[PDB]
Each structure stands twice: as C-alpha cells, then as structure tokens.
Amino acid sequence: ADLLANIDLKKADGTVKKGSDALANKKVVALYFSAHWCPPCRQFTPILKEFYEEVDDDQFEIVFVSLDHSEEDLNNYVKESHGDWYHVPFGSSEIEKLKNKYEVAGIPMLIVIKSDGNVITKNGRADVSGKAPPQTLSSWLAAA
C-alpha cells in the first residue's frame, strides 16, 4: 500500500502526475506542511532545499502540503523558495485529509513517512535544521 498512490501531485514546471508514478521507488517521503504567511516557514524552506539538493537521493522525495490561502500564494512560494519536489494542488481535498491524518495545526511541520504512510518521525524539522522552538519550549514547560 502507498499513501498517495491515487493523488494528483504537481511540480513547479506545471506537470501533474499520480502519486503511484511520482513516488515510485521512493522509500522515504517527507510531507512538508508550510505556508508563505508563516515567517518560521519561510526561514526553514531554504534549509530544506539545501538538505534535499545535498543528499541528491532517488529513494527520497518531498511533498509540499500547502496551508497558503490562495493558489497564487502557493505558486509564488514554490517558485521563490522550494526545491524541485512535488506539491498537492491548491484546493485539493487531499490537503485537509493529510492535515487530519497527521494531526497538523502549527507549521512548519516536516513529517517523515514510509511510502505506506506510517510515521518515521514527526520531528523532521529538528532533524533537518537542528531547531524546533515549539517542541523545545514544550519540553521545558513539562519539566517546570
């Protein structure tokens, strides 16, 4: 089973294919939940692009799941800052489905999954950047 087998996924060049074709041979997929309106998001995205380009690994893929408020904002964000990975089209019902499935509210969030959808780690952001302020403050509070 692979999570996104039947979902339309798009690249910056505008081409669309089904997840069964886009993510074939991917062993690890990172779901990146983000939006242009979010200042921590905009700071993390270049660090994510650097990671993606350094590893240069055809077993790995990123899928952007946008919390942007319009298709214009989604597309400009991708063009301005993202590496050459896939994203879910604006307006797709899959955006909400994925947010619900992974319990995403606050962003940025980088959820690293097996191709079947099981979570490897919800802490993709910290693994990539070395930092994740909400989770850090939460463990401080939980010790206080």
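One-based numbering along the sequence shown.
Checked against the record, the higher mean CA B factor of 22 to 30 and 35 to 43 lies with 22 to 30.
Checked against the record, the higher mean CA B factor of 132 to 140 and 118 to 126 lies with 132 to 140. Per the deposited record, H69 carries the highest C-alpha B-factor of all listed residues (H87, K99, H69, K49). Sort the modelled residues of the chain by CA B factor and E54 lands in the lowest third. The entry lists a Cα temperature factor for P108 that places it in the lowest third of the chain's modelled residues.
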